[PDB]
Each structure stands twice: as structure tokens, then as C-alpha cells.
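Enquirer: here we go, the starting part of the complex in its complex frame:
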Amino acid sequence: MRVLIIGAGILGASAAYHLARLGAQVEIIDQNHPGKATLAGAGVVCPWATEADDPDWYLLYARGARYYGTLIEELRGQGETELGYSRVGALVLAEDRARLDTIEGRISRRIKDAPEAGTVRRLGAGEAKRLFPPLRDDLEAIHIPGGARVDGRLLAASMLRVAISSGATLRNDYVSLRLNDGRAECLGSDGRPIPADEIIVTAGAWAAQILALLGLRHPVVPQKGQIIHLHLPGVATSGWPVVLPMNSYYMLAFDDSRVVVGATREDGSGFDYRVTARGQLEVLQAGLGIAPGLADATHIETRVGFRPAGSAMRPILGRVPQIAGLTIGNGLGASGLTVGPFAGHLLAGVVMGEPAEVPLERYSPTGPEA
Amino acid sequence: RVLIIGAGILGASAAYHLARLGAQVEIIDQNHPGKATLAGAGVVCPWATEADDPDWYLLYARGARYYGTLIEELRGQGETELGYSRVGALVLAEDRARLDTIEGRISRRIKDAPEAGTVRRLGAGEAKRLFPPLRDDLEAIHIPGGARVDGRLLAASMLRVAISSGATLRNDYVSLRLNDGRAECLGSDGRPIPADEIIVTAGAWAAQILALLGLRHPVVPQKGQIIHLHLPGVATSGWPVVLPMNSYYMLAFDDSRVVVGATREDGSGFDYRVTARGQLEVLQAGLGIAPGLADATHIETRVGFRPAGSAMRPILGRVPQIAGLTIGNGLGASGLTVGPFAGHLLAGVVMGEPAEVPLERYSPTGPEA
């Protein structure tokens, strides 16, 4: 009766994974809405290049990317060997040499507190193409040996599998909320309450819909994103790194001759689960523009997902003011696969009472407006 | 003016009927996974049902006859593709003993229903002559007048007519609170949604927001999986509905397509998944009476959550002790037949007309303590 988690994406799954290790009874409930963000998550893990230069770097991006090393092994030693993860390195690009210099600097300043990045290095024209053949030969780049990739769906799935293997439960259902005597109550499909000492709301983009039932104003709305998957027949891509043109687009490669190209950021889209023409056109232009070698690659599918985009680019983590037994994790935006796993460790310490490894006040949620 | 929460077959009909009368209708629909109206098979044949509840049957048979008014009212408005057709129905039974008791039930309920046509008990092989895939050793009772419809296309057409008449439709999950004895609607952001009259046709999900008002809404979801088949290059526009009276059924549509009866999974919750045993049961039932479907293409299997109430009879009418709030739900497994006519009844409530049928026996319950 310890913990009840609403939503089992990368964030809700990481919370369960970390809670099950603390001996708590974890009950997970996940509807798996069409457009579940984690099912469409590209899988880039490389914070050192992010242009968002706030103290969130020291707290979430840096700390989160440093934990991937430990997490992958902790999972590997538990029977979970299919995560799609690989420390393949990353290539960062820019249109003009001027902007490419300020980015190299921003990365250099951020290697001190994250040695997993390796030895950052400046590549000349044609050298990035030797690591990612589809790239243009006239592209200079910055190589970050530490940058990795992952299959967002498989990572969350494996974390859930480890939790359920050790006394956790998972079912497919849609639950709601009610405010009882100042405490948070979870109402099942029938309508009866679901006994739980602590509740965690990691409902992603849909969180604002059930939290509003408690008088809360959750400032997280869906940001639609369309992401293209390509197939290179008979092409060994297991060693290819990730590519970050620093223009809201990106692309990476997986072992099964597969290449994924950066997604769109459609604001005010709502929950529009449709593959549109312009959306795919945007991605195809940005992709083939830097990597003409992908021209004759097969188009296998185009996934759609709704990012939990918060008002601020920083997430919303911590216990709810004025409401007992309610914690929420959301707002991961476009960096959820990188921050999600560690953010889940934070929520684990919150509901249990462990000492805060970081100051969550910068991310604490808002209370009832009344 | 009017705010409708939930745009299934029921919420859509209410908007359709109200918009035509000039009321400012604002529709908000979340489109939950498993929206019942999207998964509805579309059989309309109440005279054979084995459930004997007059309060419920009164609307079942009445809503069936209403299709005569609806199809034409929609036809004369640009809407001609609703999948509706008066193709007739075949009622089957395994042992001739049960078939006799059923032939009795049908005649007893046809007393006030000439729309059912002239019933006739068919000899072995006569049912297969109208539905070839059936096995030849099946006696049946033919009800010329039983029809089918594409519930998905019916709700879509009624919404289009409502929007063309000044209604609005947007996607959101809204809630309710008690302000001054009246029902006030809050959007996801939390801002209020001004409305003189609110209607709640949220299907199985209705018991999640009404509970915020102290109401005990006895409607929970009953999952149901339904299989769609395709006979490549086979004319099916004339095939009848088939009701083996064993919780299963099957019907046909124009596009060489055959739909097979659904499951009934109590205590499923909103488990939007296509399970194995669910499809095994449907395929065993279908292929058991219709072995001709063996080599038919399986194109998709849909899932839906029926708004199953504590009692089989629905819940319609204003909420006692709460002003400006009306509820419609509980349709269960007959919402496509009862839905359209019920929306007409919900419209009359918020508009104030005298009830074409006394709604007292369907009214909801007030706030509890």
C-alpha cells in the first residue's frame, strides 16, 4: 500500500524502479495514450552541448547524464540487456565557424564536472563524414566521445521489468483524482478509491487534466513532435555517433541499419495524433540538408509523440504544497530521456523522505489557487 | 447556452438536436482511448433481446424506430454515408427447444412493432441462403426489418450537422464544481467555461468528474473486443444480421466487410488492449456458426468500453438538487440503438419541452453524504 504511480513513461518507470529497490510496494497504472512521448523519444544522450545555460545544468542535465553509466550496468546485471544504449560519441555542427567556436567553449567549460564526455576535439571538414558517412564533406564539427544514444521505449520497459520482478505490479487503466480532507485520493475505473500511502503523478502531457480536479493549475501542455525512422539496407550503423546541428533538429543511428532524424516542435498543437505533410517535410529538409547520403534510404515509419512541455524549459519536480500524499513529476520537455532516469531517483527520495540530493525548490509545483 | 461534455453517439445527438433549435452549443470531447461509439458494432434489432426490463426496452424499441426519422432528416441535409441499411436479421439457436421459446419472445414483443415485418421460421439451409458463410444445418427465424449502421459514421455525421448550425467542438478534459448550487465547468487550464445549461454524456468516464459533486454515478466501463473481417471480392450489401443468442453476433457492410460479435469483460477498467483470449472467443463463436468465414482476411480488431450501469436501464434527466446540470449515460451494449433517440430526450430536458416519454424512472440521484 506504499506507493501508487499514475503514468509509466520514462519518468514514472524510473520512479518505480528506484522505489522497488527501497522495499516499498509499488502499484503502477498506465493508460498508454496514443502519442505517449516516451514511445517516440529519439534517444539522444548528450547534455554538454545543450544551449539552455541555466543552473539546471548543474542540477539535472549534468547529474542525470553522469548516472547513465551506473544505471545501464545495474540493469545489465539484472537480466535486462536490450536497452538500445551505446556510448557511440556525438558530433556537434554549426553553420558558420564563428558560432561553432562559442559552442566549443560552452562545451569546454562544462567538461570539468562531467569527465564521461571524454576528450572533446575539433574536427575539420570531411572528418565528421568519416564517422557518419551520410554527412556532407564540407562540415566541420566538434566530437564528444561521451555522447550516447538509447531506445527510450526499451529503457523504460526494462526499468519496469526490474521493478515488477521484485514485487511491483502494473496494469492498463485510466484513473482520476479527488481532494479528500486536504489529501489526494486516486479513483479507479469503477470510482472507488485506490488505497495508497503516497501518490506520484507522472502522467506526462495529460497530467494537467487530472490534477485540475484538485484545484491545481499545472502549466504543462503537449508539444507535438513528428520523428522519422529510416533504414539503410545492409549498412553497418552500430558504430555511428549522434549528430547535433544545433538548429532544433538532430539525427542518430541504431544497430539494425536504422537512422532516426530530428523531430518537429509544434506548439499549441494539442493531442493531435496525425502524421502531417509539412511536419515530415521539415524533418526531411533538415536531415538531407546536412546528410545527403540518406537520400535513397528507406522510410520505414514516422512516430508521433506529445512532449510534456512546461511553461518554463525546466521541469516540475517535488511534493505539492498544501496537499498531503501527492508528488508530481513532469515538464521534461525535450530532454526527458536524459533527465528522466535521474529525475525518477529524486522522486524516489521525495516520497520516502530521503535527504534531497539537490534543491527541488527551483522545480517545486504550485499549490491550489482557491 | 449549452455545454456538452463528451461527444460520443449520445453527446453528438444532443448537439445535433439542440443546434437545429438555435441554442448556442459548445461541445468538448477528450476522445479517451476506447471511445465506445468508435468500437460499436452497429446492430439494431431489439425484438429478439432476452433481457426483459420494460423501462429499458421502452427506449430500446423506441430508439430503433427513430432511425426512420433520423436517416431521412440526415439524408435531406447532405449526409448519405451512414452505413445504415434495413437488411433484415437472422436469429439462431443450437437446439430446437430454445429456438421455440425464442420464437415466442419475438412474437410477444412484435405486438406493438410492425416495423419488425413478417417473421418466419426458416428451414435448414434457408438461413445459409441469405448469409452464405453460415453452415447449412442451422434453422433460424427471419426478422425482415432488423438493420445495421456504422456508429462511427453516424456520430460523425450528426456532429457535422451540429457544427454547420453554429455549434463548436474542441478537444479537452473538463471538470465540474459546485459554485452556487449550479454546475460550473472548468477546463484543463482551470478557467471557467460559461454555460447556461451543462450536459454530461461522458460515457464510462462520467463517474470520474461527477464524483466531485458528491454524486454516486453507478456507471463503470465494460471492455469489449470486436473483430472486422474482409471477404475479397464478395458482395455483402444484402447480407442480414445474425444473432446466435449466445452473447455473440455478426453483421456485414457494403465494402465486402464482416463484423463479428464482441466480448463482455466485466471489471476490465479502461484496459485499452487487444488481448489473446478475447480474440479467441470471438473467432470460435463466429467460425462456429459461420465456417465460411474461415479464409477471410482479418483487417483490424477494435476495443471499446461500454457505459455499463448498475441496472440495465439508462440514466437520463436533470440532476436533483443541482441546477443547470443534466446527465445521460448507462447505455451499455445498446447505445447505438438507444443513443440517437436519447439525445432527443436530453435536448427536450435542457430546452424545457414536455417529455415525449416520462423520464422519472431514469432520473439520476442527488448528492449523497
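Expert: The structure has been received and is ready for your questions. Residues are numbered from 1 along each chain as shown, chains lettered A, B, ... in the order given.

Enquirer: mind telling me what element the residue in the stretch 201-350 of chain A that chain B sits nearest to is part of?
Expert: Nearest residue of the stretch 201-350 of chain A to chain B: residue A:209, at 3.7 Å (C-beta to the nearest C-beta). In short, each C-beta sits where N, CA and C put it, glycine included. Assessed by DSSP states H and E, residue A:209 sits inside helix A:207-211.

Enquirer: residue A:346 too?
Expert: helix A:336-352.

Enquirer: report the separation between residue A:237 and residue A:88.
Expert: Computed as C-beta to C-beta, to the nearest Å, the residue A:237 to residue A:88 distance reads 10 Å.

Enquirer: picking up where we left off before, dump the helix holding residue A:346 to PDB, keeping only the CA atoms.
Expert: The C-alpha trace of helix A:336-352 is given here as PDB (Å, rounded to 0.1, in the frame of the first residue of the first chain):
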ATOM      1  CA  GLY A 336      13.300  13.700 -20.800                       C
ATOM      2  CA  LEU A 337      15.300  10.600 -21.900                       C
ATOM      3  CA  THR A 338      18.400  12.300 -20.500                       C
ATOM      4  CA  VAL A 339      16.900  13.700 -17.300                       C
ATOM      5  CA  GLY A 340      14.100  11.200 -16.800                       C
ATOM      6  CA  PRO A 341      16.100   8.400 -15.100                       C
ATOM      7  CA  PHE A 342      17.800  10.600 -12.600                       C
ATOM      8  CA  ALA A 343      14.600  12.700 -12.000                       C
ATOM      9  CA  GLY A 344      13.000   9.400 -11.100                       C
ATOM     10  CA  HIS A 345      15.600   8.800  -8.400                       C
ATOM     11  CA  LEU A 346      14.800  12.200  -7.000                       C
ATOM     12  CA  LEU A 347      11.100  11.400  -6.800                       C
ATOM     13  CA  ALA A 348      12.100   8.200  -5.000                       C
ATOM     14  CA  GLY A 349      13.800  10.100  -2.300                       C
ATOM     15  CA  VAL A 350      10.900  12.600  -2.000                       C
ATOM     16  CA  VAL A 351       8.000  10.100  -1.300                       C
ATOM     17  CA  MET A 352      10.300   8.200   1.000                       C
END
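
Enquirer: here's chain C, add it to the model above:
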Amino acid sequence: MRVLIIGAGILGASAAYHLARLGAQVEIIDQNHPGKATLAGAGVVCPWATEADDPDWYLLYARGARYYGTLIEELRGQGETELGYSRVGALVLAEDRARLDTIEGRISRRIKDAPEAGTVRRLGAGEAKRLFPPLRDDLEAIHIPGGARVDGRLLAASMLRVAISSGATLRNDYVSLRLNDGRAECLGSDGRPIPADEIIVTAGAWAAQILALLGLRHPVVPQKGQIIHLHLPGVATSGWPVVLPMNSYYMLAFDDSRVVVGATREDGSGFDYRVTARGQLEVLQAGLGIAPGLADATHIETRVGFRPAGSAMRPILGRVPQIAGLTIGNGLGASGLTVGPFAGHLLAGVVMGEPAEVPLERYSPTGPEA
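Expert: That brings us to chain C, laid onto the chains above:
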């Protein structure tokens, strides 16, 4: 113009994989017809329990199962580490103890000269359910620790990747054949011949269509097969064994909470690439019959594949009599994922002239029928 391979299934891919490593210039052509057998192969590798006792066929079946040990590491050391292979053991079931005793006899006789099978051990009721939870608790079984499984598509894909990394070429095209001056010619899309010293036809079920152009009578026709893929949300299956109920059906599990169930065997089906109703019913009955735990598992997809089923259960491998520069490999039927990989190694030696590890006279095709 060293070698031209027609068809890139598991067999054509294995041949290419072996030839390219020996310096031969390999040109691979594969249309990827709908129903490609390799893309729908279940992936069971456990020959010792087979009811079919054909020495000509069994020689390659048990031989091709042992070759998997070499292949997995060979591919592993080349960057191909995600092949879905695992030595998870197998469970052999039967309804009545009478036939289960007969099966135990066949296995023992064939497990004595096969240490790869491990220590065969007869389990009591409920012990097979301890390894495959969804099974019935009343089932006796025979445990073969050596039984393994693999993802057929990922295996053939990785082989091609290693082959093309070794100077081979892969193209999507439909080619034909004509007989010119007693030697085999391959007609490209334009209709003009394609220069090639040696041709290998691994066209699977479609092989007879183009080989008939040379006066041959290739007795390999398609046998449709429908196979169901299930999903157990939040269930660790990496350690689940294979199940062989010895009733033409079967089922296995993969790492990502996925369970596959035995396939149909539709003779005279032609190239009917449809998912039928009865085909799925039969599989569901067999699966849930012995494994009620799969009842509430998700059904994610149902694949279709045309097995290259030959008149004789033994395959067809070797040069074509009276026709120079032609080599045929086909007839793998329902055991190609086990035989395919090693059978490709045989085809490689044939076309190059190396001595045959196994006398191939018993598998040679027939010559032109004047």
C-alpha cells in the same frame, strides 16, 4: 563478376556472408517480396525432439544447430551483438504420458551423441510452469537445456551487414534467368544480362518461377504460415525456455516481454499474403490450450510467411547438372533458420570449388528436362 546472388533471405544472406569474407566479389539482389519467409520465421533452434526421421535432412538439421555457436561469436566480434539469440533451453510437452515416454526415447538416443543439448532431464508436473509461468501446472515435460532461439530477421540482416562491410553490394531489384549457349545468364531490370562468373539462386519459394525459364523442374512451392506475436507488459522473459508441444505448434519468448506462438502450415496456399481468421484461431487455441497465462496478453501483430516447402523434406543444394555457372539453394521448409546459416557455408564452398564438408550428392538439384 565473381558471384551473383538472387534472394537475400537467411540462405542467400549466409552464402553472401561466407563468400565475401573469402575475397569474392559478391553482388546481392533481393526484391523482398511480401511474405519473405525469413521476416516471419519464429526462430526455434532445437532439433533433437523432431518427429521427422530423415537422415539426409537430419544431418544438416543437427549440424546447422551446432554451427550457431561459431556464428554468434563470429558476428559478435564484428559489431553485430543484437541477434536475439539465447541458449535458454527447451521444454518438450505431450498430452498423454505414453507418447511423452516415446518422445523421451527419441531424444535420449539423439542426445547421447550431442553434448550441445546438455543434460536432458524429465520434469514433474508443475516444474515446467516454474520455467514458463503461463503454462498449466499439470504438465509434465522434458527439459533440454541446449534448446535455443533467435530472431531470424536480425540474424540474416547482420550477416548481410558483415558481407557488405566486406566489399559486397545489396540492391532491391527483380531479376530473371535465360539459358544461353549452355551457361546461365541473369537478366537485370533492363533485360540485358548481368556479367557474372557464378550465379546462386536462393529465391526461396519464388525460385521455381525463374528457374523454369531454364527448362528446370524445381519442386519447391510456398507453404503459407501465420505466426502470432504477443506482449506481456512488464514481464521479464529473457530467461524463458522454448516450448515444443509436439503437435505442429510451439511458442517461444524474447527479451522485450514478447512471446511468439506456433505457426500454421497451409498447403496449396499459393502466395496468399493475408491474415486469415481460421489461421489465427488455430494458433490461439494451441497457445492458450497449453498456456492459459497468455490469455490476457496483448496481441501486437500476426506475421505471414511462405516457406520454401519442397517435395522431399531434404533441402536442395549444389550445382545444377548440365548447366554451368549456376548453383541452387532452396527447400529449407520449416527448418531454414536452423539449416540456413550452415547451408550457406556449404553453398559458398560449392561455388568456389572448395571440398564439401558434407557429401552434397544427396541434395543436388535435377538437370534440365529436354
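
Enquirer: distance from the helix holding residue A:346 to the middle of the chain?
Expert: Centre-to-centre, helix A:336-352 and its host chain are 11 Å apart (C-alpha atoms, centre = their mean, to the nearest Å).

Enquirer: just stretch A:207-216 next, same as before
Expert: When C-alpha coordinates are averaged (C-alpha atoms, centre = their mean), stretch A:207-216 and its chain have centres 23 Å apart.

Enquirer: ok, and what's touching it?
Expert: Applying C-beta atoms under 8 Å, 6 or more residues apart in numbering or on different chains, the external contacts of stretch A:207-216 come out as A:6-7, A:175-179, A:184, A:201, A:203, A:217-221, A:308, A:320, A:323, A:326, A:328, A:330, A:365-370, B:30, B:172-173, B:175, B:186-190, B:209, B:212.

Enquirer: among these, the buried ones, what's the PyMOL command?
Expert: Once 16 or more other C-beta atoms under 10 Å in any protein chain shown is used to decide burial, the buried members of those can be selected in PyMOL as follows:
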select buried, (chain A and resi 6+7+175+176+177+178+179+184+201+203+217+218+219+220+221+308+320+323+326+328+330+365) or (chain B and resi 30+172+173+175+186+187+188+209+212)
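
Enquirer: hang on, residue A:274 packs against residue A:304?
Expert: Yes. Between residue A:274 and residue A:304 there is a contact at 7.2 Å, judged by C-beta atoms under 8 Å.

Enquirer: surely residue A:134 and residue A:292 touch.
Expert: Yes. Using C-beta under 8 Å, residue A:134 is in contact with residue A:292, at 7.1 Å.

Enquirer: relative to helix A:62-76, how tilted is the helix holding residue A:346?
Expert: Between helix A:336-352 and helix A:62-76, the angle comes out at 90 degrees (axes from the mean of the first three to the mean of the last three C-alpha atoms, to 10 degrees).

Enquirer: add chain D to the structure above:
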Amino acid sequence: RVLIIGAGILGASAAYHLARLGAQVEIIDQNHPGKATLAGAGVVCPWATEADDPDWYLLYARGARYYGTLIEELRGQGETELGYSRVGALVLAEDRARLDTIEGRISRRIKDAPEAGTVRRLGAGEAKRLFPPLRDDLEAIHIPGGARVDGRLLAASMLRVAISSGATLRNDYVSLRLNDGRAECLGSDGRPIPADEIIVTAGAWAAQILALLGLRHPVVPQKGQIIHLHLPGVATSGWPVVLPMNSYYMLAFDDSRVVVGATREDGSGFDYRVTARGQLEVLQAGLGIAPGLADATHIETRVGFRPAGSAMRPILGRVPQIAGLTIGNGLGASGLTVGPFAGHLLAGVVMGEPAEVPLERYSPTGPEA
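Expert: With chain D added, the chains above now look like this:
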């Protein structure tokens, strides 16, 4: 009597005409991946075509106005679902200059072709009023006679009429053999297929089986990728066809569906794959002139291999020096407009009727020593 190899729009048209003349028809089709007729967009508008070749345009114009006869003969036969509609056509251009030259070329060719109607030059967004997604700043030339059709449904309709008239259809990959000067057809089993006359409408794959007779058939596949869009809740049955005169195009069907011009990939072979650049080219060309399609749903991308010949002129007529063999191929990118009438000619060849059109300029070559 007659044996047809390949059941695309060309082989189907041939079967539809032969069955009416009382010939015993046996049709065999392998339905290769990328069958051109299954991916054909279906624009019918020869008057605007830029390719001014009289040897090829003789049939293009002649075959286009044959659609009038064909639709009615099919409409008066139970076949009413052809996707055909005389919706008109809009011809656009980059600059007013090129648009002027096109208007002149169009009017010259309608003298003895009144099916085009009254051509009118639009300007300043008048074209957008008939095709909303277009840009407002586009002048155009309206050709009321331009129509569209679903090549997939048309070929099926002809076949059904042919089968209702004693024709047979089978699935197999057949070959050809020289048996004492006669053309003989061998099935997959190797046994011969008795046929008094053989017609080869094998499309791009023809060169492969004809090489078996020592013939050199200069028809190779030209891959083309085509995109289908869906406009949620938008009536498009009345929208005309659009011909930007830039190697691309787009048309609209009844079911809120819009199709965009195809790619032209030479030397592609039978590469049955949907590529990235191919879709980028079509999306750019489509949205470049029709920004309104930005938020349209992408439902499908089809691939087909055009029977592109060395010369744009097709290949029709008996094979020299080989007895009982006839060839039809080379339809290229205009097969849906020329195909139907071309099948009528192939029927006239094998039966012996006089040539309505000069066959000398299309006949194939004989064996090369």
C-alpha cells in the same frame, strides 16, 4: 483462343474488348511488386501536355476522348465505381510568359476535340477558389474537360466485365518459348498453356520474358513514388486536377483525399522502396504550390514502375517473324489516359480488324539473328 500475359490497365483493357468479340480469353498475372497500374494517379488531360510529338500525341488525344464511350459502356454494365469524374483541370506556370505559350498550345488542339469545353484564363487567385489549398497569387488556365480516375479500380472493373463474359484470371509467373515458329506459353509447373494467340502486356517486366525469344524490348522500369493525403472533414469531390507543368501534379478524390505528383527515377530498376528524397521532392513540389496541404494527414505512399520505353511512343503490334505473338508496352507515364484505347487496338490486331491508327510507327522488332 487468346492468352494475355499481364493484367494491368493494358492487359485488362485487352481482355475487356476481346470478350465482347466472343474470343475465349485466359488471363495470367503475377502482380509483381510495384505494379504500375496500382500506383497510377489517374489524370486524363492530353491537351495541356508539353510533349509535342505527333507520333505519340496521335494516340494520346485519340485515347483520351475514348473515355466518354468507355465510362458509359461500363456504367451501363453494373460498373459504377471507377473513381472517374470530369472535374476539370487547372494548368499553372512560373511566369506569365510561359503561361501565354501554354494557352496557345492548348487552344490549337481543341479544334476537333470539344470534350475540353470552353478554356478560360484565370488570374489573381481565381484558381484557388476551385482548389482551396493553392496559392492566391497563381494565375491558371482552366480546362473543364480534364478528368481524373482511379487506375486501380478501372482495371478491376474491365476485368470483372471480361470474366462475366467467359474470361478466366489466374496468378502465376509465366514464360515464353519458340515452338516451330509459334509462341508458346509455359507456366510455373512447366506444362504448356494452349493458346491460339498470345498478347504480352507485362509492363516493365516484359523485357525479361521477351529476351527468352531473342527479342530486344527497349522498355525499362522508371520508379515513381506518389503520396496520398487526407483532409479531415473536407469535401473534395468537386475539386479539379492541377498541372503545374513542372513534372509534378496533384488531384483530388471524393473521400477527402488528395494525391500529389510522382517522382521519375531513371535507372532505378525494380526498387520497391519508399525513399527519403523521393518523398521530400513530392512534398516540396506539392506544398510549394499548395500551402493549404501543410496540415493534411499523410495516409499512404505508393510505388510503381512505369513501362518507360526508349522513345516516348509506345510499342503495339504483332512480333515480326514469330507466329501468334502480339506485344503491347511502353505506356510510360501516360498509361492511364492511353491504356484503355490501346487495349482496343491490341484486340483489333489479334482479331484482324483494320487499323484505326497507323501501326507501322509502333510495331516491335523481330529476333536478332
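
Enquirer: who touches stretch A:147-156?
Expert: A:8-10, A:13-14, A:38-46, A:48-49, A:68, A:82-90, A:117, A:241-242, A:252-254, A:336-337, A:340-341, C:256.

Enquirer: now do 6 Å
Expert: A:10, A:13, A:38-39, A:41, A:43, A:45-46, A:82-85, A:87, A:89-90, A:242, A:252, A:337 (C-beta atoms under 6 Å, 6 or more residues apart in numbering or on different chains).

Enquirer: ok, stretch A:8-20 next?
Expert: A:3, A:5, A:26, A:28, A:30, A:38, A:152, A:156, A:159-160, A:162-163, A:166, A:168, A:200, A:202, A:204, A:329, A:336, A:340-341, A:343-345, A:347-348.

Enquirer: please apply the same query to stretch A:259-272.
Expert: Counting by C-beta under 6 Å, 6+ apart, A:42, A:222-230, A:249-253, A:279, A:282-283, A:287, A:306, B:171 sit against stretch A:259-272.

Enquirer: quick one, domains of chain A?
Expert: What curated CATH domains lists as the domains of chain A is A:1-86+A:147-219+A:311-370, A:87-146+A:220-310.

Enquirer: run through the bridge partners of residue A:301.
Expert: residue A:229 (DSSP bridges).

Enquirer: picking that back up, packing partners of the helix holding residue A:346?
Expert: helix A:10-20, helix A:62-76, strand A:316-319, strand A:326-330 (3 or more C-beta pairs under 6 Å, 6 or more residues apart in numbering or on different chains; DSSP states H and E).

Enquirer: who's in contact with the closest residue to chain C within the stretch 201-350 of chain A?
Expert: Across the stretch 201-350 of chain A, no residue is closer to chain C than residue A:234, which sits at 3.8 Å (C-beta to the nearest C-beta). With contacts defined as C-beta under 6 Å, 6+ apart, the neighbours of residue A:234 are C:160, C:161, C:164, C:170.
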